[PDB]
């Protein structure tokens, strides 16, 4: 069944420079009976949002002023609708948690209209009404005993976190798991305490974060580079079986393309390569 809820915005804080966590409260104490990796859809009426009305903390405002991103406006004439992945796992009841990347005009074409729905979501504030529908699902985990390798990037953290929490706390899985998240700098990292807790509460789970452009104020000593190079150079290249592992990835298009080609050049079969493609 596909139901529609008119939810209330609990919070819409920045978890990164260009990613907001949309926390929605399900009415009447109900819970969306969804699956990990699943998604819902958000509809929006005709509106006119201005980027100058966005609540961006000064911790993340840096690149917003450097690129003059608050100049953007977005008018929408007819009701629109997009899909967004749940960041929370099924037994986190009462709330729908989303990671929404703001779809600004591409840097290689900066004067096109901004992302319609993402700009509307980034204009939502605590107390606003948000109509969602679903749930829908297409990205699920295989029910085997093979090693699971999770690769994430950008807003792709949401389905990765939903799958990892679902396997460990609901399913109580003892399968070997590992998360590999790629971010630009340290201020783009979030859910760090969430995954550090799971890695400490479970021996079969570890996770690593790699910075492609670490900043001086980051004092970064961890891994550096793109996540496909880090995952390969620090683990997969010495793995006696790069296959026999199920790769669940979700990130930017070039992160996906880079991870796919790295895995297929390792001999990994496409049946063991599962991608949650956001279309962008």
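Residue numbers count along the first chain shown, from 1.
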Report the stretch with the higher mean CA temperature factor, choosing between 251-259 and 27-35 on the basis of the entry.
27-35
Taking the deposited Cα B-factors and averaging over 241-249 and over 64-72, the higher mean is found in 241-249
For the listed residues 172, 187, 208, 125, which one has the largest C-alpha B-factor as given in the deposited model?
172
For the listed residues 154, 105, 159, 137, which one has the largest C-alpha B-factor as given in the deposited model?
137
Splitting the chain's C-alpha B-factors into thirds, which one does residue 90 fall into?
highest
Where does the C-alpha B-factor of residue 131 rank in its chain, lowest, middle or highest third?
middle
For residue 200, does the deposited CA B-factor place it in the lowest, middle or highest third of the chain?
highest
Taking the entry's C-alpha B-factors for this chain, is residue 109 in the lowest, middle or highest third?
highest
Ordered by C-alpha B-factor within the chain, which third holds residue 268? Give me lowest, middle or highest, please.
highest
